Amino acid sequence: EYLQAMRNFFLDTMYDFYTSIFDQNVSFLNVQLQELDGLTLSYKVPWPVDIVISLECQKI
Amino acid sequence: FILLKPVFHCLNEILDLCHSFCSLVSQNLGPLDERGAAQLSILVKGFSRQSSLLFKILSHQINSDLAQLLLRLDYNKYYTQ
Amino acid sequence: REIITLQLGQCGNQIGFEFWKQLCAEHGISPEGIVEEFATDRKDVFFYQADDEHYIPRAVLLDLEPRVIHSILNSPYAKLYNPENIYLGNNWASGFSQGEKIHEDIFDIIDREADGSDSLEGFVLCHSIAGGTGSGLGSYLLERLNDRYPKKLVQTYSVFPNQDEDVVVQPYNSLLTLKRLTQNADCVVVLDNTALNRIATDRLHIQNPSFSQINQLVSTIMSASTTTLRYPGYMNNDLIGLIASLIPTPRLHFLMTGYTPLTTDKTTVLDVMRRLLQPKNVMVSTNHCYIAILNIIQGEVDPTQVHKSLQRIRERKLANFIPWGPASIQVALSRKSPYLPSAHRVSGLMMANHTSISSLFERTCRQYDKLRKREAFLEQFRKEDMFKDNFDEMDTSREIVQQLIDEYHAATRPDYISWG
Amino acid sequence: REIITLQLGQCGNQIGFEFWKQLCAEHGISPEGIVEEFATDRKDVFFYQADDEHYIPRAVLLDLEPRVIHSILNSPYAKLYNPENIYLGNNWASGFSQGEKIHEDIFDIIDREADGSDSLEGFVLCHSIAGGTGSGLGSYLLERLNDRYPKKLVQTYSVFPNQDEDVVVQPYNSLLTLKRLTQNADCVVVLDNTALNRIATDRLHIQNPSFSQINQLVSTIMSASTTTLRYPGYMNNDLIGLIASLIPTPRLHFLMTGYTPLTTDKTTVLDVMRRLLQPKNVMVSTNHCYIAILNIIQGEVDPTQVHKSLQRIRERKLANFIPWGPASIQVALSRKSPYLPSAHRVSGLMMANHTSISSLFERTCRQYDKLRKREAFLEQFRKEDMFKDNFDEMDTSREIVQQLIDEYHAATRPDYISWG
């Protein structure tokens, strides 16, 4: 389920997220999410699936 | 935050300064010429110091706990101080 | 503690009668004041409790030229009260002099009701600005209480008269009344005729019996502002705890109100907050900034949305307030009322100090100053002639409201660090 | 964002009623709008979501001379909506003047619905060309929105009137209506009566109740064009992302449609593509070449065949389009719909800009010019007489549609590198 949400909602919902960026702070992206480039993205990863999926995969 | 010494070590002065202030202002209903202004300036500079320190300590991390900081900082009075 | 209500004047006794009928229908009691078995509450603040649980209200009734007071007299709610306190022009000086001669026995009525109370919190009066019989008289009794008791509070709910300008001494009377309001009162809640006219013409299609629906809206407001008293809350169950945050300064103590449904015949905390941010949901009509805002909500709320909402309320900056210092909005919750149909579930009430009301004062100041330049609009009535032969109280009131408007316009500035 | 639907006229309110019954039966909801438990979806674009999940549609209903609007009024789907917006000849100038006098309160209805929305994407209107009451009125409200909001889109689904020629001012009315359509609208989707007549006479044997089956086909088209909105897709979930590729030029913004089954009571991607290449599966009737084509497919498709198919589609050259530049077909996939029997599994919908529709415009131009040469076919009705004493708006519309047909005929040319 968590992997499905990962590869679904990015790789839609992020359309609305990126349209505001056309019109920057590190805290504004957070409250938009919880509702030349390079963004900061982190979300809660639970431990029993944090050990089966490598850390370096998320960077790719 | 009884288990947390720095925020506690800040808050005790916050209670004590009002202990002094509430008793002091009731004495005169006119201008305080009994060294009221000297103590008042000491109190306000001390409160500025301790308030910035406790804001640093606070920034556990509950939505209400984080959410109270912005009520003060909707002014940038302590987003700069 | 306990709060004693006062009522005088035609509009004041009308809104008091509507308030008591509102709290009669709202709680589980009879129109003679017998408790209903099917109903728990505290009604000990605005009603004295009896042995058959007759909650006889703390309402002292003063009348002058009674026509509608007679209709109040023969009523099926005339068994709710009988404290035996009813005691008999359209000028400020007239009502002032009429209150002046009977100040002793009405003060006996005051002290009798004070002895009826064990403790005390405040006096509310039902009054209308420039109401004729109410005007001047209300300023006089305000002077009497302010002389008599510096230990208590006065809250005042009164409307601003605008009939879209035969009576031309009305700006003088309202000016003298508001002079006594700024200097002899501690907190003022003021409303407009025009904003209630807008909300009434929007929610409905009535034009002529507008007073009656205005009374309904006043009753809903006065119940809402008192709900944390009447339904047992746990904070600001004293009046002074409510008043303390909104007023830093003894002349700028005027409080404006709002209420979320215009028509009341889900909503989320975000929706009702942003609705309450509108001036069209506020019943009072450079950039102006609030000093402090207070909101009380009553309904079926979910407690986790509310922190989400004030996060995003910071984020959108949908309010613009910066007095000079760290005074922000205060949000609170009260009980959704039983014993009535709870439709339009979540409803909010809003209380702020905003500098924009000075402009409305300035409008009246612009009118009065114009009439003062012509000096033909006192009409030489004998009452104002006795009370001031030189008419210098009008100039004193002019300099006081000049100080008030200047305090307002400086209070807008982020250099209000001094003179606050 | 959110899209507000509009409906007016007899044919427009008929097709809107059919569209809402289509989306009622299509998604899992009640005819009063209660969600079914057995059903996930987004219905937030064309329906406002309630607390008992009452998806009340964004449909403003305007009526004039109501007969079928009364039948819409007493219905088991009259509990789905009640936005309280229903407000009361066969001429263009008549409907124009009738909309002109009530433009304020219908604009209040517009702004109320706009305040109902947080954000906005576009306005759709249900309208029929030369429909009588709809004609002229629809052009007027198109003028009102185009004056009011340059920030939004308008999509329009309207049919071309052909009754195989008592009403002789119909080419004038349709000409004036299409003049406002070219200059005050951004994208037009037009259909023919005759092509739907062909498909209906082929799939079935009905001749007299043809309107009803036309409504069914319009509902299937309007669901199909909206499926990537209502069922959550991930591209062109804004209207403008769909519209952007097909229209390079602000006068040639007319879009023609097709749909693969004629009768709907395997198919491969090759089969449905080449079927969709036919003009007999298209519901609108020198060599003409498309500017750009778009296809959306919905069904049980195998993803590897589709690249094989467009290889071979290049190879056979079964389409003939060359505007002047590199604008080709766009193929897309949407979800095969649950909550209904999925028979005729794979079905496609087709959206192009093709120059051939100009000929059909030219046919109407040939009729109108003939009547304009005789000048006996306005019948001297008083409405067109007030609105234009000199009847020069017809000549202005004639020169505009002359510019339009010339732009079409130049748009065929591979020298359209300039003036595009």
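Each reported figure results from applying straightforward, stated rules to the coordinates on display, with no laboratory input. Positions of Cβ are backbone-derived with ideal geometry, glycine not excepted, and every protein chain shown enters the neighbour counts.
With the checklist (1) surrounded by 13 or more Cβ atoms within 10 Å (Cβ to Cβ); (2) in a helix (DSSP H, G or I); (3) not β-branched (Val, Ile, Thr) in hand, flag the one item residue D:319 doesn't pass.
Of everything listed in (1) surrounded by 13 or more Cβ atoms within 10 Å (Cβ to Cβ); (2) in a helix (DSSP H, G or I); (3) not β-branched (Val, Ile, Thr), residue D:319 misses just condition (2).
If residue D:289 satisfies every condition in (1) of a type outside the set (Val, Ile, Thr); (2) in contact with a strand residue (DSSP E or B) (Cβ under 6 Å, 6 or more places away or on another chain); (3) under 12 Å from residue D:354 (Cα atoms) but one, which is the exception?
The one condition residue D:289 does not meet is (2).
Given the conditions (1) hydroxyl-bearing (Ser, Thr, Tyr); (2) within 25 Å of residue D:214 (Cα to Cα); (3) out of contact with any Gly (no Cβ under 9 Å at 6 or more places or on another chain), and given that residue D:139 satisfies all but one, which numbered condition is not satisfied?
Only one criterion in (1) hydroxyl-bearing (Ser, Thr, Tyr); (2) within 25 Å of residue D:214 (Cα to Cα); (3) out of contact with any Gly (no Cβ under 9 Å at 6 or more places or on another chain) is unmet by residue D:139, namely (3).
State all residues of the stretch A:7-60 that are within 12 Å of the chain's Cα centre (by Cα), of a type in the set (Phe, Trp, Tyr) and under 19 Å from residue C:308 (Cβ atoms); if no residue qualifies, say none.
Once the filter is applied, which keeps residues that are within 12 Å of the chain's Cα centre (by Cα), of a type in the set (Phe, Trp, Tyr) and under 19 Å from residue C:308 (Cβ atoms), the stretch A:7-60 yields A:17, A:43.
Going by the structure shown, is residue D:397 over 21 Å from residue D:191 (Cβ atoms) and crowded, with 18+ Cβ neighbours inside 10 Å?
Considered against the rule, which asks whether it is over 21 Å from residue D:191 (Cβ atoms) and crowded, with 18+ Cβ neighbours inside 10 Å, residue D:397 comes out as yes.
Could you check how many residues of the stretch A:23-32 are assigned to a helix (DSSP H, G or I) and more than 13 Å from every other protein chain (Cβ to nearest Cβ)? First the steps, then the outcome.
From the stretch A:23-32, those assigned to a helix (DSSP H, G or I) are A:28-32; that's our starting set.
Now narrow it down to the ones that are more than 13 Å from every other protein chain (Cβ to nearest Cβ): none.
Residues in the stretch A:23-32 being assigned to a helix (DSSP H, G or I) and more than 13 Å from every other protein chain (Cβ to nearest Cβ): 0 in total.
Inside the stretch B:42-81, can you point out the residues that are facing chain C (nearest Cβ under 10 Å), closer than 20 Å to residue B:13 by Cβ and charged (D, E, K, R)?
B:72, B:77
Of all residues in the stretch C:1-44, which are within 22 Å of residue C:336 (Cβ to Cβ), assigned to a loop (DSSP other than H, G, I, E, B) and in contact with a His (Cβ under 9 Å, 6 or more places away or on another chain)?
C:36, C:39, C:41, C:43
Would you pick out the residues in the stretch A:33-56 that are under 13 Å from residue A:2 (Cβ atoms), in a helix (DSSP H, G or I) and of a type outside the set (A, V, I, L, M)?
Listed by number, the residues that qualify are A:47, A:48, A:50.
Has the stretch C:169-176 got any residue that is polar (S, T, N, Q) and in a loop (DSSP other than H, G, I, E, B)?
In the first step, residues of the stretch C:169-176 are kept if they are polar (S, T, N, Q); the result is C:170, C:173-174.
Among the residues that remain, those that are also in a loop (DSSP other than H, G, I, E, B) are: none.
Looking for residues that are polar (S, T, N, Q) and in a loop (DSSP other than H, G, I, E, B), one finds none in the stretch C:169-176, hence no.
Within the stretch C:237-252, count every residue that is buried (at least 18 other Cβ atoms within 10 Å of the Cβ) and part of a loop (DSSP other than H, G, I, E, B). Talk me through it step by step, then tell me what you get.
Step one: filter the stretch C:237-252 for residues buried (at least 18 other Cβ atoms within 10 Å of the Cβ), giving C:239, C:242-243, C:246-247, C:252.
Next, from what is left, pick out any that are part of a loop (DSSP other than H, G, I, E, B): C:246-247, C:252.
Qualifying residue count, the stretch C:237-252: 3.
State which residue pairs qualify: first residue within 20 Å of residue C:394 (Cα to Cα) and inside the stretch C:345-374, second residue acidic (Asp, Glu) and assigned to a strand (DSSP E or B) in any location, beta carbons under 8 Å apart, and separation of 6 or more residues or different chains.
Cβ pairs passing all conditions: C:360/C:192.
Return the only residue of D:384, D:393 being outside any loop (DSSP other than H, G, I, E, B) and under 24 Å from residue D:250 (Cβ atoms).
Values: D:384 fails: under 24 Å from residue D:250 (Cβ atoms).
After ruling out the rest, the residue left standing is D:393.
Show the residue pairs meeting these rules: Cβ distance below 7 Å; 6+ apart or different chains; first residue within the stretch C:33-57 and at negative phi; second residue among the polar types (S, T, N, Q) and part of a loop (DSSP other than H, G, I, E, B).
C:36/C:30; C:55/C:49
Determine, yes or no, whether residue C:340 is within 29 Å of residue C:415 (Cα to Cα) and away from chain D (no Cβ under 14 Å). Give the steps one after another, and end with the answer.
Details: within 29 Å of residue C:415 (Cα to Cα): no; away from chain D (no Cβ under 14 Å): yes.
Taking the combined requirement at face value, the residue does not satisfy it.
In the stretch B:44-76, what residues are part of a loop (DSSP other than H, G, I, E, B) and surrounded by fewer than 16 Cβ atoms within 10 Å (Cβ to Cβ)?
Hits for the stretch B:44-76 are B:59, B:60, B:61, B:62, B:68, B:76.
Does residue D:208 meet the test of being assigned to a helix (DSSP H, G or I), more than 14 Å from chain A (Cβ to nearest Cβ) and over 13 Å from the mean Cα position of the chain (by Cα)?
No; evaluated as a whole, the condition is false for this residue.
Per-residue answers, yes or no, for (1) part of a strand (DSSP E or B); (2) within 30 Å of residue D:404 (Cβ to Cβ); (3) in contact with a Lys or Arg (Cβ under 7 Å, 6 or more places away or on another chain):
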| site | (1), (2), (3) |
| --- | --- |
| D:197 | no, yes, no |
| D:213 | no, no, no |
| D:217 | no, yes, no |
| D:235 | no, no, no |
| D:258 | yes, yes, no |
| D:273 | no, no, no |
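What number of residues in the stretch C:310-323 are more than 10 Å from chain B (Cβ to nearest Cβ) and farther than 15 Å from residue C:352 by Cβ?
2
Given the criteria away from chain B (no Cβ under 14 Å) and on the phi > 0 side of the Ramachandran plot, does residue C:354 qualify?
No, not satisfied.
Hey, can you tell me all the residues within the stretch D:339-379 that are under 24 Å from residue D:249 (Cβ atoms), among the aliphatic types (A, V, I, L, M) and not in a strand (DSSP E or B)?
D:357, D:360
Kindly evaluate residue D:235 against the criterion of being of a type in the set (A, V, I, L, M), away from chain A (no Cβ under 14 Å) and touching a strand residue (DSSP E or B) at 6+ places or on another chain (Cβ under 9 Å).
For residue D:235, the condition - of a type in the set (A, V, I, L, M), away from chain A (no Cβ under 14 Å) and touching a strand residue (DSSP E or B) at 6+ places or on another chain (Cβ under 9 Å) - is not met.
Taking the residues in the stretch C:339-356 that are surrounded by 14 or more Cβ atoms within 10 Å (Cβ to Cβ) and touching a helix residue (DSSP H, G or I) at 6+ places or on another chain (Cβ under 8 Å) as candidates, determine which candidate is nearest to residue C:300 (Cα to Cα).
The selected residue is C:346.
Considering the stretch C:278-303 alone, what residues qualify as being crowded, with 18+ Cβ neighbours inside 10 Å and either in contact with a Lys or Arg (Cβ under 8 Å, 6 or more places away or on another chain) or not in a strand (DSSP E or B) (or both)? Walk me through how you get there before you give the answer.
Residues of the stretch C:278-303 crowded, with 18+ Cβ neighbours inside 10 Å: C:281-285, C:289-299, C:301.
Hits for the stretch C:278-303 are C:281, C:283, C:284, C:285, C:289, C:298, C:299, C:301.
Count, please, the residues in the stretch D:323-338 that happen to be in a loop (DSSP other than H, G, I, E, B) and either under 21 Å from residue D:25 (Cβ atoms) or over 25 Å from the mean Cα position of the chain (by Cα) (or both). Step through it out loud before you land on a result.
Restricting attention to the stretch D:323-338, the residues satisfying the condition of being in a loop (DSSP other than H, G, I, E, B) are D:323-329, D:335-338.
So of that shortlist, the ones also either under 21 Å from residue D:25 (Cβ atoms) or over 25 Å from the mean Cα position of the chain (by Cα) (or both) come out as D:324-326, D:335-338.
The number of residues fulfilling the criteria is 7.
Of all residues in the stretch C:58-98, count the ones that are hydrophobic (A, V, I, L, M, F, W, C), loosely packed, with under 15 Cβ neighbours inside 10 Å and part of a loop (DSSP other than H, G, I, E, B).
2
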